[PDB]
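Everything below concerns the one structure shown next.
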Protein chains: 4
Amino acid sequence: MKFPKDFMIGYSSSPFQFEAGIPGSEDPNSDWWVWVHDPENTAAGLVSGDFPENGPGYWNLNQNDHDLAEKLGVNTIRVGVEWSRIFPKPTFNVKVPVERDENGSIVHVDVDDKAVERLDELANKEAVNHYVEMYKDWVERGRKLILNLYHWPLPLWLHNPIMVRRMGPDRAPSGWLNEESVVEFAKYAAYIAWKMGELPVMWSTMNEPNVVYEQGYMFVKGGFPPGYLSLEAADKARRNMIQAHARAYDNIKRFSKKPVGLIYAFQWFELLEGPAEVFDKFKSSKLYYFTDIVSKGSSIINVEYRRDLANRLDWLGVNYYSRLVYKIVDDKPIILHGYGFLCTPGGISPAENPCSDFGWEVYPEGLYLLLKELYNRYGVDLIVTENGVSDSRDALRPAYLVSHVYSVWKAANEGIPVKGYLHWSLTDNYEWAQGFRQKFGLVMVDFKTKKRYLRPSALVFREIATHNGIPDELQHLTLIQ
Amino acid sequence: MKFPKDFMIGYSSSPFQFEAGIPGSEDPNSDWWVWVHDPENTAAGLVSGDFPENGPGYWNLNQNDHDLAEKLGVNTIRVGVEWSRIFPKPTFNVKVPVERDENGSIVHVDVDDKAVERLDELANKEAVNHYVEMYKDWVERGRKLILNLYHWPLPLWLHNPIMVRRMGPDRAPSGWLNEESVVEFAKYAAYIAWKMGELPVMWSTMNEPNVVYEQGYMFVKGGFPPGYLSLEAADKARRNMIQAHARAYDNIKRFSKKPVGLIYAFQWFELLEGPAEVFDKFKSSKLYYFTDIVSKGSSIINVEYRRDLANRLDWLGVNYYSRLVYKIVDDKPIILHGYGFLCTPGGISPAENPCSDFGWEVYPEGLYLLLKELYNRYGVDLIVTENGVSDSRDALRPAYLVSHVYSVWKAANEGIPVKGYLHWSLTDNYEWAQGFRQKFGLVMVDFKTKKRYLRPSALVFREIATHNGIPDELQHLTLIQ
Amino acid sequence: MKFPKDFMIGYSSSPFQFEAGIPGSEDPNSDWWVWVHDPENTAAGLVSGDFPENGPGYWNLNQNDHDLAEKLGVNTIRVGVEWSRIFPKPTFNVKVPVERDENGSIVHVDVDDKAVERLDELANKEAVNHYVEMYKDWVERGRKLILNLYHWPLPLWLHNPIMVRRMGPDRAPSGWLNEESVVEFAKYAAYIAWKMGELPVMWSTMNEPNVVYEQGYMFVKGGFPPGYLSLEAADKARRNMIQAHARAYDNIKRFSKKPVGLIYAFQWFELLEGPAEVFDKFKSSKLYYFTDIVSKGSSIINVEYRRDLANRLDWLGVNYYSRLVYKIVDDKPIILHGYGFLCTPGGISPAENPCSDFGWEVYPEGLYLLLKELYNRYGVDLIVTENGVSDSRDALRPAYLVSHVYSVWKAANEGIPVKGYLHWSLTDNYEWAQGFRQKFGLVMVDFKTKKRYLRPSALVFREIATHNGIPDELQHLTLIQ
Amino acid sequence: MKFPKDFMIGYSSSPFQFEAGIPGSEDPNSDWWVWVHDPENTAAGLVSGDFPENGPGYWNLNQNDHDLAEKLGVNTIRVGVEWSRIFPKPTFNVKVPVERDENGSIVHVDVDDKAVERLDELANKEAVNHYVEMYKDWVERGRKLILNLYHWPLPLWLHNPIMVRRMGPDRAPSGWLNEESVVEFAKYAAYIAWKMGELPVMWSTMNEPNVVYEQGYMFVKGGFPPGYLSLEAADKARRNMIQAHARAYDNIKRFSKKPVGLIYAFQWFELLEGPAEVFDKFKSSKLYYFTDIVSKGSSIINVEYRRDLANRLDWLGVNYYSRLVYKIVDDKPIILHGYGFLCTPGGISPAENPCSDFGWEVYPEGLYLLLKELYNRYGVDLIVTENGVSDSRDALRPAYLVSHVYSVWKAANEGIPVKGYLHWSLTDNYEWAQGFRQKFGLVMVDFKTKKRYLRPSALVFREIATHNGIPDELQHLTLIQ
């Protein structure tokens, strides 16, 4: 009931949700910053009203959190870098060659040493140096760092969310709806690879890209920018994000021969008795479309094979929280509320499973099933880059932690190459549109004083990290809540 | 514990939520029709997915519901007429003189007999004749009818909600954002006044106009068209709706000397201990702004006195369901969740009050306080044009009904000229973006068979209507639930 | 959806739970009276602490309740007579011949005219005359009365509950544990038959005798006298009660040729999938044992045939409230909590059924299944003598009423000779050890003022009684809650 | 935020609830053993149906639990010895001088060396040696042991509970109702003192004696033997238990000069605003009566001063779990349900406090107030001998543990001589009549396999024990849940 020698155990974080908190560390130059400070979004209830500047303040407290992490047995951490802190001003003018196929696809972006030297002139050195400083503080402790380049926020010069909602995508800097975002992201990737390449053991181009376009252009009641309902816009954004990844991959490899992958949000799909295999297609079209393209260069019923997109997934980051259950075959399976992410805060699902403060059903088995299926589908190394639960009372986290770590063990014990488990957040943080009311930390944070408090789950985590597995004395928590 | 001789007792309904249900009676020409059938709105969860064509089918069953109403003691009913059923095609070309002041305000719209004869040529006779037929069926029973001209849906030729959201108000037929809506509404009002003027005992220009612009341009998560977040758009719509009312009033009076008023959505505002009188201003700015203008011709801290808007409120229709509670003075009182409309479905408020299926707190005292305050503010005749509760099990309606009828009695007993009480809906209906899951009927409706079933609250209603008051034997329900 | 012409519709009541309430009407001479006033029982929580003297006061208000009943459409009522009010003093000395078989069974008790004349000398005339007065007040209205002789309380001279618990049955007047109770009950039966024989259309010797011995000697935590845990005592009491019934039957028939039956408490038993038929035996041993003996003169695996007990069930009174669900075959089926009577107050059962204030699952289908099974088992006329629900808010009663009346209709429509439906209580009353916190009335009673208030369910009842069935307009309530 | 150097930290256990579990270790010779195996008690629901033989099996696993305890930082443990395991056969015949005053009180029992040598001949050596073995295993680790002589079960030769209930106390071996129990207990105490005197650092004559007589003779629905409702029997048992303590104290002192005290169940009494001081008397009569007598030799309004009972409380063991709240002065304060021990499982009290699985309100402040009050009343050294919470999910224990440890710190910090804190149970155990459904362990026990699993609260306990206080990093849990 122990993991391999070099198995990575730790947690993940993002720039936007943890950095700000102490005066002077804000990043007012991103779409998300403007979006959550917007009066109309607030009045409408799209955003909670809480501010990132009142966050945990990792930008200033990094050293103390790293010590806390180390005290709990964290040996590996996955972090990101804000595009907008690195390039507050537009990088549009740094030309760079861009190869386009017959259909307008950006099959190649060439960012050479001169371009990088030029980008380095536009970059915000204070931020760049501060990132190296924070991450070097963790790495020089003899610990591993996984660096993710993108975790949602976009620079305002690239995306003006408010203007996109009022005027339409065609009359405003439209973020991922602007194909040039691909080129700019590629330049940003090369620069980071060249500047911080020595720090990480692995790279990740982006975090849950699917959530960005699904929330921003489909599930608009979720409060994600630009909140512009349009399936057409969603597909466009998805398309450019897939390209942005492929191009970022090429450019990172030019300055860093380290593994380059992608962190993705996977819900474990499920349905009726033996309805049909029409579900498999369903899953291929919505759940596995994106990772299929960036690995195989194609997807379901679509001969198209793009070489510039294929073979660009050295490892796969798995963010797992719960499941999604559907009904009916026909040609349209439908979502059943009361299951997975569609439960009530603190409630119980029809399957007798407890639900988080977010109203997400605790379902550890899904992680097990997800991992096996991913490996059979892609055969690539996997890392649980995110797994946790909104639970301010810590009434679920302890069991939730042991349950999912077990599912990971079970998968590894069966040969699945899962290289590590990273818990979502060591500390509470800014839960995007939801604000601070959603607490995922193993460590509670008083956002007024910025003090960190250990929740009992944190103690449980230390036992697991220290034992590099689940000690017999904690085997009972592989069950439920 | 009885009301005056001619006190009106009954219920209210709207075209959109009750008419369709039987094939062939749909009105596919309004913004709301397109809006609730929209794939994206549905996927996003903005609308429930339920369809109005599966409603109660009053358009075909009117006679049966009128008998049911009569069997229950209903002596008065308030109904509406869909602008889009009357004028499916644009009325823009029927010129008509339009007087504009220096600021662009439409202070006068002259629709004479020729214009009316012309409008009558564009009108959909089948619909016009069917309305006269349905309402004549009720009136010729020796009962009273209150006719409301507008209850939300707008003709598509005037408002294309989907296009407004995608392109922006300036690139689409923008409904109330288009000042010409004022002129068109005035023409529509004159035509109805001239065509159906003999039917009603009183007129209402519109139903809860504030909900239309607040939901459509501010509280966009509510699923109201066009769902275009913009405080600027909200004020503009409000402005034109205020003008539309004033102009509709002038044109109705030209063909009908009967009382012309307005039905409005009033929440009973409340706050802390003795925080301040800054609240009064708050109420004048958000709650009483609109009815102040259409009566006094002005509002708080705004000398402006508009004669073309003042003196256009012969009676006030009061739609009451619950309250809203605030906190803090400063300069920004804030809403306290867990109170009034912000409670949980079936829950209990911090004040031990039961909450409806809609999550709205039962608070009968508010109606009492609201009526007194309205009379002292406006001194005009009042009619509770709406009062009911979302409650499919009828676990609250019986007490909810007696409670509020009591508050009205209490007010009348103290001299307040409340001329009647109309319960919201005799039967369940299509609750807009919420679909059919919200049941307000005294009578349950199986939307599959269209059959009407009496809920016990219906029996209680009959006792009240028959006794024209609250019999001693039912006095215990003036309490709570 | 209507019952036969002469179908009986009304309600039932008992002496102890409704009579007292107005000073001077108490009956301090029964075991139950002393039992609920006992300091130790109260401190222990065996009894609630509420007093019968604070009840509805039917003894004084009978005329007003009869009018209320009549106003609601009640055409038939089932009432009882307190043994202890009729014979406050011991009747032991009125000799009377008693025939005993070889095993000590009391196969015959001869109470002739002289004995009756003698008993009439010991009887409390004021009470006897007052009963005739109350019941004559109902009957002379042209309504039916069903008279039940025993509804739990026993005279103190026959049963001293407190002394039985402290000293043991062998050192105290032990109620039904004293076989002489059979002889005394027989004398009491003849006297009532001779004295009040003209009033009722049918007789009932006793009400739910099984509850008396099961609660009093087995389920002692229920607070029933004498609360003396002993399976041996339970069987003895059951044995003498069976004899008491047979003997009472013989003696009533001597002075009244009217139908004589028994009212019984039937739970609808249920179990697993297809476990076995070992359940049938189970049911025969616990549920149908008693009514089997008083009708067939024998029971399961027990050749014994007693002629003095058989053929003494002209009709069967059915008291139905909920079900009981079991698990496992083996030789011992076990009760599953969370079902039927073992639910939580106001909760929901694993089958999505609402639960009463008593924590009893609403399950109308059980009544249907129970009636068919009873008829096939006994082939005797049946009358639902009790059916209702503890629900002070009247959140279940309306639907509960229509549901069960429907099950009865369904049974009658299929040929089952169910002669009537009597709702448990028109008004709230003293719910034995539970006190007043359990409200079963269709009419709420303020026990402080003694005023009766109609609950909406009462209105629903009137519709059913008046229509002598379930009108179409109320068909939706044949469902659930 | 640390306790003194030699502050005792650990947990308590009892023989009956932990010893059995592995075949062959049962103690079938006590009243509790027979009582929980009784068919009638089970059918009646007086006992759960669970069996002690399926318990944790400490009798065989002691060494493993001691290691677990030590691993968690436990430095002190309080245990008991079953009277019935030591003397399975009657000790009645070992004469021994008994001094009786004028009123029959047993003021003195002389057990000399010969008597002890004789008792040692009747004692069950296997049990005696096994106890010394188990406790020596803990003590020889350099840890402290507190030995309690009585924790409820009585030998069958002294108490036949079933026979007491059926026949009455006067026709059966009536346990504490038999004054000779005083003499036998005194003999048992001298023997244990002489045989195991070297092991403990302190003695306790009995555990929560008040619960024994209150549950057994008053709150009979609780399922405690003999379940014989009688206030007269309760006072008698209380009287003899008070004497048994005094006599046990005298005889322990003869063979052991170590501190001899008593462990008691204290609820924290509370009431209205400023009702009166009639409450103080109330508390003295029910809560502090017993400990008053064994210390002062008298109680409220009762001049009587008994020298043979006074000065026999060297230290006081405090068992605290929750409070009890009353209302009204008059002459009879009454208990308010919904507070303290009268809450619902998992619910919340009217004061916003979480409630345990037992339905007991978490109220840490009570322990603080209780300790101060006890010290001011008695001025004796205090030890929290019991404190814990029924919580199988460990959703409350972590905070419950830190809260109460804080209350103790607060008391010690203010000078109150509280010498230690013992948590109720390291592991889950047999919760008497409630069976295994009530889990109080810091460590979960799978009673099927007998395996011990650490609950997160156990980890929190270790931090406290190791730090000999509440570390800053855990200060947030001194609040609520």
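Residue names in the structure tokens use chain letters A, B, ... in the order shown, residue numbers from 1 in each chain, and ligand numbers from 1 in the order shown.
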
Requested in this report: Taking the DSSP assignment computed from this structure's backbone, write out as a PyMOL selection string all residues of region 421-463 of chain A that belong to strand (DSSP E or B).
Outcome: chain A and resi 421-424+427+443-446+451-454

Query raised in the report: Contacts of residue 407 (chain B) at 6 Å or less, counting only C-alpha atoms, minus same-chain residues fewer than 3 places along, as a PyMOL selection string?
Result: chain B and resi 368+404+410

Please, could you write that set of residues out with N, CA, C and O atoms as a short mmCIF file (atom, residue, chain, number, x, y, z; two decimals), in the first residue's frame?
data_model
loop_
_atom_site.label_atom_id
_atom_site.label_comp_id
_atom_site.auth_asym_id
_atom_site.auth_seq_id
_atom_site.Cartn_x
_atom_site.Cartn_y
_atom_site.Cartn_z
N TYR B 368 -49.65 44.17 4.35
CA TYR B 368 -50.32 45.17 5.16
C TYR B 368 -49.52 46.47 5.16
O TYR B 368 -50.04 47.53 4.84
N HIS B 404 -52.68 36.75 3.72
CA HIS B 404 -52.68 37.96 2.91
C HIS B 404 -54.06 38.59 2.74
O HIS B 404 -54.18 39.82 2.71
N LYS B 410 -57.40 44.04 6.98
CA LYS B 410 -56.85 44.92 7.99
C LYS B 410 -56.65 46.32 7.40
O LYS B 410 -57.03 47.32 8.01
#

Output as a Markdown table one row per residue of chain A within 10 Å of chain D: the closest atom pair and its distance in Å to one decimal place, counting only C-alpha atoms, sorted by chain and residue number ascending.
| residue | atom | partner | partner_atom | distance |
| --- | --- | --- | --- | --- |
| A:393 | CA | D:481 | CA | 7.3 |
| A:394 | CA | D:395 | CA | 7.5 |
| A:395 | CA | D:395 | CA | 4.9 |
| A:396 | CA | D:395 | CA | 8.0 |
| A:398 | CA | D:456 | CA | 7.2 |
| A:399 | CA | D:393 | CA | 9.0 |
| A:444 | CA | D:476 | CA | 9.5 |
| A:451 | CA | D:473 | CA | 9.6 |
| A:452 | CA | D:473 | CA | 7.9 |
| A:453 | CA | D:473 | CA | 5.8 |
| A:454 | CA | D:473 | CA | 6.4 |
| A:455 | CA | D:474 | CA | 8.2 |
| A:456 | CA | D:456 | CA | 5.8 |
| A:457 | CA | D:456 | CA | 7.0 |
| A:458 | CA | D:456 | CA | 9.4 |
| A:459 | CA | D:459 | CA | 6.7 |
| A:460 | CA | D:456 | CA | 6.5 |
| A:463 | CA | D:459 | CA | 9.3 |
| A:471 | CA | D:453 | CA | 9.7 |
| A:472 | CA | D:453 | CA | 7.6 |
| A:473 | CA | D:453 | CA | 4.7 |
| A:474 | CA | D:453 | CA | 5.5 |
| A:475 | CA | D:453 | CA | 6.9 |
| A:476 | CA | D:453 | CA | 6.1 |
| A:477 | CA | D:455 | CA | 8.5 |
| A:480 | CA | D:393 | CA | 9.5 |
| A:481 | CA | D:393 | CA | 6.7 |

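Residues surrounding residue 218 (chain A) within 8 Å are residues 213, 227, 228, 229, 230, 231 and 234 of chain A; 40, 43 and 44 of chain B [only C-alpha atoms; sequence separation below 5 positions excluded].
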
Mind writing the picked residues with C-alpha atoms as a CSV table (one decimal), in the first residue's frame?
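The resulting file, out.csv, is reproduced below:
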chain,number,residue,atom,x,y,z
A,213,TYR,CA,-14.3,27.9,-23.4
A,227,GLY,CA,-19.9,35.4,-20.5
A,228,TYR,CA,-20.8,35.6,-24.2
A,229,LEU,CA,-23.2,32.8,-25.0
A,230,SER,CA,-22.4,31.3,-28.4
A,231,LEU,CA,-21.7,27.7,-29.3
A,234,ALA,CA,-17.0,28.1,-27.9
B,40,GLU,CA,-28.2,27.9,-26.4
B,43,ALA,CA,-28.1,24.3,-22.8
B,44,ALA,CA,-26.9,27.2,-20.7

Query - Residue set, region 180-426 of chain A restricted to helix (DSSP H, G or I), as a PyMOL selection string - result: chain A and resi 180-196+209-217+220-222+231-255+278-286+293-296+340-342+365-378+397-413

Name all residues at most 10 Å from residue 127 (chain D) (count only C-alpha atoms; drop same-chain ones fewer than 4 positions away) and give them as an mmCIF file with N, CA and C atoms, in the first residue's frame.
data_model
loop_
_atom_site.group_PDB
_atom_site.id
_atom_site.type_symbol
_atom_site.label_atom_id
_atom_site.label_comp_id
_atom_site.auth_asym_id
_atom_site.auth_seq_id
_atom_site.Cartn_x
_atom_site.Cartn_y
_atom_site.Cartn_z
ATOM 1 N N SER D 25 -13.258 -14.887 26.200
ATOM 2 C CA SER D 25 -12.980 -13.808 27.143
ATOM 3 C C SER D 25 -14.236 -13.167 27.736
ATOM 4 N N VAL D 81 -11.971 -2.834 36.937
ATOM 5 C CA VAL D 81 -11.880 -4.262 37.202
ATOM 6 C C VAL D 81 -13.319 -4.724 37.448
ATOM 7 N N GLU D 82 -13.767 -5.746 36.715
ATOM 8 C CA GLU D 82 -15.126 -6.273 36.885
ATOM 9 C C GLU D 82 -15.265 -7.103 38.151
ATOM 10 N N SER D 84 -17.586 -9.045 38.959
ATOM 11 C CA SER D 84 -17.987 -10.397 38.572
ATOM 12 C C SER D 84 -16.906 -11.302 37.976
ATOM 13 N N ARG D 85 -15.829 -10.734 37.442
ATOM 14 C CA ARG D 85 -14.764 -11.574 36.900
ATOM 15 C C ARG D 85 -13.894 -12.019 38.078
ATOM 16 N N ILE D 86 -13.775 -11.149 39.077
ATOM 17 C CA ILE D 86 -12.960 -11.437 40.246
ATOM 18 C C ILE D 86 -13.661 -12.416 41.175
ATOM 19 N N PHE D 87 -14.942 -12.177 41.430
ATOM 20 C CA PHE D 87 -15.722 -13.045 42.296
ATOM 21 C C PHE D 87 -16.980 -13.558 41.604
ATOM 22 N N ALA D 123 -11.565 -15.912 45.088
ATOM 23 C CA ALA D 123 -11.306 -15.158 43.868
ATOM 24 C C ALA D 123 -10.933 -16.027 42.678
ATOM 25 N N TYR D 131 -5.572 -9.382 35.007
ATOM 26 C CA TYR D 131 -5.689 -7.942 35.191
ATOM 27 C C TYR D 131 -4.329 -7.350 35.521
ATOM 28 N N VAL D 132 -3.637 -7.967 36.476
ATOM 29 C CA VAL D 132 -2.309 -7.514 36.871
ATOM 30 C C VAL D 132 -1.397 -7.520 35.644
ATOM 31 N N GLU D 133 -1.570 -8.531 34.806
ATOM 32 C CA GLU D 133 -0.774 -8.677 33.602
ATOM 33 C C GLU D 133 -1.041 -7.532 32.615
#

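CA of residue 383 (chain A) lies 7.8 Å from CA of residue 422 (chain A).
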
Requested in this report: Identify, on the basis of only C-alpha atoms, every residue whose closest approach to residue 202 (chain C) does not exceed 10 Å; exclude the query and any residue fewer than 5 positions from it along the same chain; express the result as a VMD selection string.
Outcome: chain C and resid 78 144 to 148 197 256 to 261 314 to 315

Selection export as a compact mmCIF listing (two decimals), in the first residue's frame, atoms kept: N, CA and C atoms:
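The resulting file, out.txt, is reproduced below:
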# COMPACT_ATOMS: atom_id res chain seq x y z
N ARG C 78 -68.67 5.98 14.74
CA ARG C 78 -68.40 4.83 15.59
C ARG C 78 -67.84 5.37 16.89
N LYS C 144 -76.33 7.07 11.33
CA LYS C 144 -75.96 5.77 11.88
C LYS C 144 -74.89 5.86 12.96
N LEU C 145 -74.98 4.94 13.91
CA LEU C 145 -74.04 4.86 15.01
C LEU C 145 -73.55 3.43 15.13
N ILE C 146 -72.24 3.26 15.26
CA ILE C 146 -71.65 1.95 15.47
C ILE C 146 -71.12 2.04 16.90
N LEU C 147 -71.54 1.13 17.76
CA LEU C 147 -71.12 1.16 19.16
C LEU C 147 -70.09 0.10 19.51
N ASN C 148 -68.96 0.57 20.03
CA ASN C 148 -67.85 -0.28 20.43
C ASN C 148 -67.85 -0.31 21.95
N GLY C 197 -79.16 -1.11 23.47
CA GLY C 197 -79.36 -1.87 22.25
C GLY C 197 -80.08 -1.23 21.07
N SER C 256 -79.62 -8.28 21.62
CA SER C 256 -79.59 -7.53 20.37
C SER C 256 -79.22 -8.45 19.23
N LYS C 257 -80.10 -8.54 18.24
CA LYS C 257 -79.85 -9.43 17.11
C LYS C 257 -79.07 -8.73 16.01
N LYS C 258 -78.51 -7.57 16.33
CA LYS C 258 -77.74 -6.79 15.37
C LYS C 258 -76.35 -7.37 15.14
N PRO C 259 -75.70 -7.02 14.02
CA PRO C 259 -74.37 -7.55 13.75
C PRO C 259 -73.36 -7.22 14.84
N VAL C 260 -72.60 -8.23 15.26
CA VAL C 260 -71.59 -8.02 16.28
C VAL C 260 -70.24 -8.40 15.71
N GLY C 261 -69.31 -7.45 15.76
CA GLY C 261 -68.00 -7.71 15.23
C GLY C 261 -66.87 -7.27 16.14
N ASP C 314 -69.26 -11.16 12.83
CA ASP C 314 -70.23 -10.85 11.79
C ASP C 314 -69.68 -9.86 10.77
N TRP C 315 -68.82 -8.96 11.22
CA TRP C 315 -68.18 -7.98 10.35
C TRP C 315 -66.83 -7.65 10.98

Query raised in the report: Which polymer residues have any atom within 12 Å of an atom of residue 74 (chain B), counting only C-alpha atoms, with same-chain residues fewer than 3 positions away left out, as a ChimeraX atom specification?
Result: /B:7-12,65-71,77-78,138-139,141-145,420-423,425-426,442,458-459,461-468

**Report entry** Surrounding residues of residue 61 (chain D) excluding itself and chain neighbours under 6 positions, 10 Å, only C-alpha atoms, as a PyMOL selection string
**Finding:** chain D and resi 18-19+21-22+134+450

Report summary line: Expressed in Å, the length from CA of residue 237 (chain D) to CA of residue 216 (chain D) is 9.5 Å

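The coordinates place CA of residue 400 (chain A) at 19.0 Å from CA of residue 338 (chain A).
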